[PDB]
>>> print(open('input22.pdb').read())   # PDB, C-alpha atoms
MODEL        1
ATOM      1  CA  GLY A 586      -8.911  47.114   3.340  1.00  0.00           C
ATOM      2  CA  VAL A 587     -10.704  50.441   3.298  1.00  0.00           C
ATOM      3  CA  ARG A 588     -14.222  49.278   3.987  1.00  0.00           C
ATOM      4  CA  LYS A 589     -13.708  45.743   2.728  1.00  0.00           C
ATOM      5  CA  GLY A 590     -11.208  43.899   4.862  1.00  0.00           C
ATOM      6  CA  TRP A 591     -12.598  40.857   6.636  1.00  0.00           C
ATOM      7  CA  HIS A 592      -9.982  38.259   5.715  1.00  0.00           C
ATOM      8  CA  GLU A 593      -7.045  40.621   6.231  1.00  0.00           C
ATOM      9  CA  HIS A 594      -6.148  39.210   9.689  1.00  0.00           C
ATOM     10  CA  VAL A 595      -5.323  35.975   7.814  1.00  0.00           C
ATOM     11  CA  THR A 596      -3.035  35.702   4.812  1.00  0.00           C
ATOM     12  CA  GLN A 597      -3.753  33.331   1.920  1.00  0.00           C
ATOM     13  CA  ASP A 598      -0.379  31.715   2.539  1.00  0.00           C
ATOM     14  CA  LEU A 599      -1.349  30.922   6.134  1.00  0.00           C
ATOM     15  CA  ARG A 600      -4.416  29.016   4.994  1.00  0.00           C
ATOM     16  CA  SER A 601      -2.684  27.179   2.156  1.00  0.00           C
ATOM     17  CA  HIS A 602       0.329  26.424   4.371  1.00  0.00           C
ATOM     18  CA  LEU A 603      -1.879  24.980   7.112  1.00  0.00           C
ATOM     19  CA  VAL A 604      -4.030  23.083   4.608  1.00  0.00           C
ATOM     20  CA  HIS A 605      -0.960  21.413   3.089  1.00  0.00           C
ATOM     21  CA  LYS A 606       0.295  20.781   6.628  1.00  0.00           C
ATOM     22  CA  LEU A 607      -3.037  19.085   7.336  1.00  0.00           C
ATOM     23  CA  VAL A 608      -2.644  16.907   4.237  1.00  0.00           C
ATOM     24  CA  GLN A 609       1.033  16.310   5.063  1.00  0.00           C
ATOM     25  CA  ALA A 610       0.060  15.255   8.584  1.00  0.00           C
ATOM     26  CA  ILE A 611      -2.144  12.626   6.973  1.00  0.00           C
ATOM     27  CA  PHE A 612       0.486  11.648   4.386  1.00  0.00           C
ATOM     28  CA  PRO A 613       4.075  12.991   4.696  1.00  0.00           C
ATOM     29  CA  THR A 614       5.800  11.070   1.892  1.00  0.00           C
ATOM     30  CA  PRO A 615       5.406  13.063  -1.378  1.00  0.00           C
ATOM     31  CA  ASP A 616       5.012  10.313  -3.976  1.00  0.00           C
ATOM     32  CA  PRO A 617       5.175  11.790  -7.526  1.00  0.00           C
ATOM     33  CA  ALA A 618       2.461   9.403  -8.724  1.00  0.00           C
ATOM     34  CA  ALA A 619       0.122   9.599  -5.721  1.00  0.00           C
ATOM     35  CA  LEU A 620       0.475  13.382  -5.979  1.00  0.00           C
ATOM     36  CA  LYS A 621      -1.282  13.131  -9.340  1.00  0.00           C
ATOM     37  CA  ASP A 622      -3.829  10.645  -7.999  1.00  0.00           C
ATOM     38  CA  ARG A 623      -7.520  11.515  -7.559  1.00  0.00           C
ATOM     39  CA  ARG A 624      -7.718   9.819  -4.144  1.00  0.00           C
ATOM     40  CA  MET A 625      -5.111  12.210  -2.767  1.00  0.00           C
ATOM     41  CA  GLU A 626      -7.006  15.096  -4.373  1.00  0.00           C
ATOM     42  CA  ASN A 627     -10.172  14.065  -2.517  1.00  0.00           C
ATOM     43  CA  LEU A 628      -8.170  14.215   0.713  1.00  0.00           C
ATOM     44  CA  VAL A 629      -6.781  17.634  -0.245  1.00  0.00           C
ATOM     45  CA  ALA A 630     -10.321  18.819  -0.946  1.00  0.00           C
ATOM     46  CA  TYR A 631     -11.281  17.363   2.449  1.00  0.00           C
ATOM     47  CA  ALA A 632      -8.555  19.532   4.018  1.00  0.00           C
ATOM     48  CA  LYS A 633     -10.157  22.589   2.393  1.00  0.00           C
ATOM     49  CA  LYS A 634     -13.506  21.384   3.725  1.00  0.00           C
ATOM     50  CA  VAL A 635     -11.926  21.483   7.183  1.00  0.00           C
ATOM     51  CA  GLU A 636     -10.758  25.028   6.397  1.00  0.00           C
ATOM     52  CA  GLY A 637     -14.347  25.952   5.549  1.00  0.00           C
ATOM     53  CA  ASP A 638     -15.749  24.492   8.767  1.00  0.00           C
ATOM     54  CA  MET A 639     -13.073  26.153  10.904  1.00  0.00           C
ATOM     55  CA  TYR A 640     -13.608  29.584   9.323  1.00  0.00           C
ATOM     56  CA  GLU A 641     -16.761  30.407  11.362  1.00  0.00           C
ATOM     57  CA  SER A 642     -15.137  29.606  14.711  1.00  0.00           C
ATOM     58  CA  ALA A 643     -11.778  30.897  13.362  1.00  0.00           C
ATOM     59  CA  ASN A 644     -12.955  34.495  13.891  1.00  0.00           C
ATOM     60  CA  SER A 645      -9.791  34.954  16.024  1.00  0.00           C
ATOM     61  CA  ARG A 646      -6.070  34.218  15.452  1.00  0.00           C
ATOM     62  CA  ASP A 647      -5.607  31.842  18.405  1.00  0.00           C
ATOM     63  CA  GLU A 648      -8.820  29.979  17.624  1.00  0.00           C
ATOM     64  CA  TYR A 649      -7.809  29.413  14.001  1.00  0.00           C
ATOM     65  CA  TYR A 650      -4.402  27.913  14.780  1.00  0.00           C
ATOM     66  CA  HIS A 651      -5.719  25.834  17.661  1.00  0.00           C
ATOM     67  CA  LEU A 652      -8.571  24.345  15.635  1.00  0.00           C
ATOM     68  CA  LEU A 653      -6.313  23.032  12.883  1.00  0.00           C
ATOM     69  CA  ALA A 654      -3.451  21.931  15.162  1.00  0.00           C
ATOM     70  CA  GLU A 655      -5.749  20.145  17.641  1.00  0.00           C
ATOM     71  CA  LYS A 656      -7.418  18.158  14.875  1.00  0.00           C
ATOM     72  CA  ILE A 657      -4.035  17.253  13.382  1.00  0.00           C
ATOM     73  CA  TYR A 658      -2.856  15.814  16.710  1.00  0.00           C
ATOM     74  CA  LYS A 659      -6.173  13.958  16.996  1.00  0.00           C
ATOM     75  CA  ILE A 660      -5.760  12.507  13.508  1.00  0.00           C
ATOM     76  CA  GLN A 661      -2.156  11.470  14.144  1.00  0.00           C
ATOM     77  CA  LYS A 662      -3.166   9.747  17.379  1.00  0.00           C
ATOM     78  CA  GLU A 663      -5.979   7.872  15.615  1.00  0.00           C
ATOM     79  CA  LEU A 664      -3.640   6.287  13.071  1.00  0.00           C
ATOM     80  CA  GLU A 665      -1.092   5.119  15.630  1.00  0.00           C
ATOM     81  CA  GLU A 666      -3.732   3.957  18.093  1.00  0.00           C
ATOM     82  CA  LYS A 667      -5.704   1.824  15.641  1.00  0.00           C
ATOM     83  CA  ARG A 668      -2.532   0.366  14.085  1.00  0.00           C
ATOM     84  CA  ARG A 669      -1.734  -0.882  17.556  1.00  0.00           C
ATOM     85  CA  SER A 670      -4.456  -3.479  17.046  1.00  0.00           C
ATOM     86  CA  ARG A 671      -2.868  -4.653  13.770  1.00  0.00           C
ATOM     87  CA  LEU A 672      -2.768  -8.437  13.220  1.00  0.00           C
TER      88      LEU A 672
ATOM     89  CA  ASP B 840     -20.354  17.932  11.033  1.00  0.00           C
ATOM     90  CA  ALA B 841     -17.977  18.711   8.195  1.00  0.00           C
ATOM     91  CA  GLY B 842     -15.735  16.023   9.585  1.00  0.00           C
ATOM     92  CA  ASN B 843     -13.077  17.553  11.780  1.00  0.00           C
ATOM     93  CA  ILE B 844     -11.804  14.025  12.322  1.00  0.00           C
ATOM     94  CA  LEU B 845     -11.091  11.846   9.283  1.00  0.00           C
ATOM     95  CA  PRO B 846     -13.404   8.888   8.519  1.00  0.00           C
ATOM     96  CA  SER B 847     -12.041   5.334   8.520  1.00  0.00           C
ATOM     97  CA  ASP B 848     -11.667   4.869   4.743  1.00  0.00           C
ATOM     98  CA  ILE B 849      -9.463   7.944   4.221  1.00  0.00           C
ATOM     99  CA  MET B 850      -7.356   6.975   7.233  1.00  0.00           C
ATOM    100  CA  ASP B 851      -7.024   3.408   5.944  1.00  0.00           C
ATOM    101  CA  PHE B 852      -5.385   4.705   2.753  1.00  0.00           C
ATOM    102  CA  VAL B 853      -2.234   5.916   4.553  1.00  0.00           C
ATOM    103  CA  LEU B 854      -2.109   2.723   6.646  1.00  0.00           C
ATOM    104  CA  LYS B 855      -2.367   0.597   3.490  1.00  0.00           C
ATOM    105  CA  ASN B 856       0.368   2.635   1.788  1.00  0.00           C
ATOM    106  CA  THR B 857       3.986   2.040   2.752  1.00  0.00           C
ATOM    107  CA  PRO B 858       6.864   3.332   0.548  1.00  0.00           C
TER     108      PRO B 858
ENDMDL
END
>>> encode(input="input22.pdb", output="structure tokens")
Amino acid sequence: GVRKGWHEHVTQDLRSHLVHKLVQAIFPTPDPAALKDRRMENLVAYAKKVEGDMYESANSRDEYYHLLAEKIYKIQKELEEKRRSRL
Amino acid sequence: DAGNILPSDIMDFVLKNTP
């Protein structure tokens, strides 16, 4: 980046990797049918939505990783916690 | 509020699904 280099401190792979990780956190088992299912796609789009929201705060390396990771742990806790009340 | 935490319905999907 000569004069245009905002995103440089983050690679595309980082974002896509984390976004898939976010999706994977929500649903780890890669089902070949569900993979081609719209409902999963909505969730994947939701993960990108998260990426968009984070980006403003994410104006620093540590912030960016922490934002995504923290939410993932939150999400994982939610599932286990609520399922505790099953039956 | 872009939804940093996932709403119930999306979360339900994984709970309802079991390979």
>>> interface_residues(input="input22.pdb", of="chain A", to="chain B", cutoff="7 Å", atoms="all atoms listed in the file", output="count of residues only")
7
>>> resolve_selection(input="input22.pdb", expression="the PyMOL selection byres ((chain A and resi 616-629) around 9)", output="PyMOL selection string")
(chain A and resi 604-605+607-608+611+614-615+630-634) or (chain B and resi 849+852+858)
>>> closest_residue(input="input22.pdb", among="A:594, A:589, A:671, A:600", to="residue 644 (chain A)", atoms="all atoms listed in the file")
A:594
>>> atom_distance(input="input22.pdb", atom1="CA of residue 595 (chain A)", atom2="CA of residue 646 (chain A)")
7.9 Å
>>> atom_distance(input="input22.pdb", atom1="CA of residue 666 (chain A)", atom2="CA of residue 636 (chain A)")
25.1 Å
>>> atom_distance(input="input22.pdb", atom1="CA of residue 655 (chain A)", atom2="CA of residue 639 (chain A)")
11.6 Å
>>> residues_around(input="input22.pdb", residues="residue 657 (chain A)", least_positions_apart="4", cutoff="7 Å", atoms="only C-alpha atoms", output="JSON, numbers by chain")
{"A": [607, 610, 653, 661]}
>>> decode(input="input22.pdb", residues="region 606-640 of chain A", atoms="N, CA, C and O atoms", output="compact mmCIF listing (two decimals), in the first residue's frame")
# COMPACT_ATOMS: atom_id res chain seq x y z
N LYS A 606 -14.45 -20.19 11.22
CA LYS A 606 -14.31 -20.62 12.61
C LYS A 606 -15.55 -20.26 13.41
O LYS A 606 -16.03 -21.05 14.23
N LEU A 607 -16.08 -19.07 13.17
CA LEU A 607 -17.28 -18.60 13.84
C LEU A 607 -18.46 -19.51 13.49
O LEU A 607 -19.17 -19.98 14.38
N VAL A 608 -18.63 -19.77 12.20
CA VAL A 608 -19.65 -20.71 11.73
C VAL A 608 -19.43 -22.10 12.32
O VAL A 608 -20.35 -22.73 12.83
N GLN A 609 -18.19 -22.57 12.25
CA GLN A 609 -17.81 -23.89 12.76
C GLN A 609 -18.10 -24.01 14.25
O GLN A 609 -18.53 -25.06 14.73
N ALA A 610 -17.83 -22.94 14.99
CA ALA A 610 -18.16 -22.89 16.41
C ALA A 610 -19.64 -23.15 16.63
O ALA A 610 -20.03 -23.83 17.58
N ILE A 611 -20.45 -22.61 15.74
CA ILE A 611 -21.90 -22.77 15.82
C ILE A 611 -22.31 -24.17 15.34
O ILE A 611 -23.27 -24.75 15.85
N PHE A 612 -21.57 -24.73 14.39
CA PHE A 612 -21.93 -26.00 13.79
C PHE A 612 -20.68 -26.68 13.22
O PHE A 612 -20.24 -26.37 12.12
N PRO A 613 -20.09 -27.62 13.99
CA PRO A 613 -18.78 -28.21 13.64
C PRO A 613 -18.87 -29.33 12.60
O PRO A 613 -17.96 -29.50 11.80
N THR A 614 -19.96 -30.09 12.63
CA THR A 614 -20.12 -31.23 11.74
C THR A 614 -20.46 -30.78 10.32
O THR A 614 -21.55 -30.25 10.08
N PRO A 615 -19.54 -30.96 9.36
CA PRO A 615 -19.74 -30.56 7.96
C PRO A 615 -20.60 -31.55 7.19
O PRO A 615 -20.09 -32.48 6.56
N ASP A 616 -21.91 -31.35 7.25
CA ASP A 616 -22.84 -32.21 6.52
C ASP A 616 -22.94 -31.74 5.07
O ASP A 616 -23.25 -30.58 4.80
N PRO A 617 -22.67 -32.65 4.11
CA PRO A 617 -22.64 -32.32 2.68
C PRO A 617 -23.95 -31.74 2.16
O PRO A 617 -23.94 -30.98 1.19
N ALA A 618 -25.06 -32.09 2.79
CA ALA A 618 -26.36 -31.57 2.38
C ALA A 618 -26.61 -30.21 3.02
O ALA A 618 -26.93 -29.25 2.33
N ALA A 619 -26.47 -30.15 4.34
CA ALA A 619 -26.65 -28.90 5.08
C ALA A 619 -25.71 -27.81 4.57
O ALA A 619 -26.03 -26.62 4.65
N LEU A 620 -24.56 -28.21 4.06
CA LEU A 620 -23.59 -27.28 3.49
C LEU A 620 -24.20 -26.54 2.30
O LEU A 620 -23.89 -25.38 2.04
N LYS A 621 -25.09 -27.23 1.59
CA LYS A 621 -25.74 -26.66 0.42
C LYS A 621 -27.14 -26.15 0.77
O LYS A 621 -27.96 -25.91 -0.11
N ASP A 622 -27.39 -25.97 2.06
CA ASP A 622 -28.71 -25.57 2.53
C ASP A 622 -28.73 -24.07 2.84
O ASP A 622 -27.80 -23.53 3.44
N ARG A 623 -29.81 -23.41 2.41
CA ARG A 623 -29.98 -21.97 2.58
C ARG A 623 -29.87 -21.53 4.04
O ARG A 623 -29.33 -20.47 4.32
N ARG A 624 -30.40 -22.34 4.96
CA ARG A 624 -30.42 -21.96 6.37
C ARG A 624 -29.00 -21.80 6.89
O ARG A 624 -28.70 -20.87 7.65
N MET A 625 -28.11 -22.71 6.48
CA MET A 625 -26.70 -22.59 6.84
C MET A 625 -26.11 -21.32 6.22
O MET A 625 -25.33 -20.63 6.86
N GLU A 626 -26.52 -21.01 4.99
CA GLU A 626 -25.99 -19.86 4.28
C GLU A 626 -26.37 -18.57 5.01
O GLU A 626 -25.57 -17.64 5.07
N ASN A 627 -27.58 -18.53 5.54
CA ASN A 627 -28.03 -17.38 6.34
C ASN A 627 -27.13 -17.19 7.55
O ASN A 627 -26.78 -16.07 7.91
N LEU A 628 -26.74 -18.31 8.16
CA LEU A 628 -25.86 -18.28 9.33
C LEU A 628 -24.47 -17.80 8.91
O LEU A 628 -23.83 -17.02 9.61
N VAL A 629 -24.01 -18.26 7.74
CA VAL A 629 -22.70 -17.85 7.23
C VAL A 629 -22.70 -16.35 6.94
O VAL A 629 -21.74 -15.65 7.25
N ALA A 630 -23.79 -15.88 6.35
CA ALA A 630 -23.97 -14.45 6.10
C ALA A 630 -24.00 -13.69 7.43
O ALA A 630 -23.45 -12.59 7.53
N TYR A 631 -24.62 -14.28 8.44
CA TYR A 631 -24.66 -13.70 9.78
C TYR A 631 -23.24 -13.55 10.34
O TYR A 631 -22.92 -12.56 11.00
N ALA A 632 -22.39 -14.54 10.07
CA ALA A 632 -20.99 -14.50 10.51
C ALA A 632 -20.27 -13.32 9.86
O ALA A 632 -19.49 -12.63 10.51
N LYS A 633 -20.54 -13.09 8.58
CA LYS A 633 -19.99 -11.92 7.87
C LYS A 633 -20.53 -10.63 8.47
O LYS A 633 -19.81 -9.63 8.57
N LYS A 634 -21.80 -10.64 8.84
CA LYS A 634 -22.42 -9.50 9.51
C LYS A 634 -21.65 -9.15 10.78
O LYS A 634 -21.36 -7.98 11.05
N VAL A 635 -21.33 -10.18 11.56
CA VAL A 635 -20.46 -10.03 12.72
C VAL A 635 -19.13 -9.38 12.33
O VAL A 635 -18.68 -8.43 12.97
N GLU A 636 -18.52 -9.87 11.24
CA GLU A 636 -17.28 -9.31 10.73
C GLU A 636 -17.43 -7.82 10.46
O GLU A 636 -16.55 -7.02 10.79
N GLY A 637 -18.55 -7.44 9.85
CA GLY A 637 -18.82 -6.04 9.56
C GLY A 637 -18.93 -5.19 10.81
O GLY A 637 -18.39 -4.09 10.87
N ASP A 638 -19.65 -5.69 11.81
CA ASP A 638 -19.81 -4.96 13.07
C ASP A 638 -18.48 -4.81 13.81
O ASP A 638 -18.18 -3.74 14.34
N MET A 639 -17.70 -5.87 13.82
CA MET A 639 -16.40 -5.86 14.51
C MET A 639 -15.45 -4.85 13.88
O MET A 639 -14.71 -4.18 14.60
N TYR A 640 -15.51 -4.73 12.56
CA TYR A 640 -14.50 -3.97 11.80
C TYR A 640 -14.24 -2.56 12.36
O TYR A 640 -13.10 -2.11 12.35
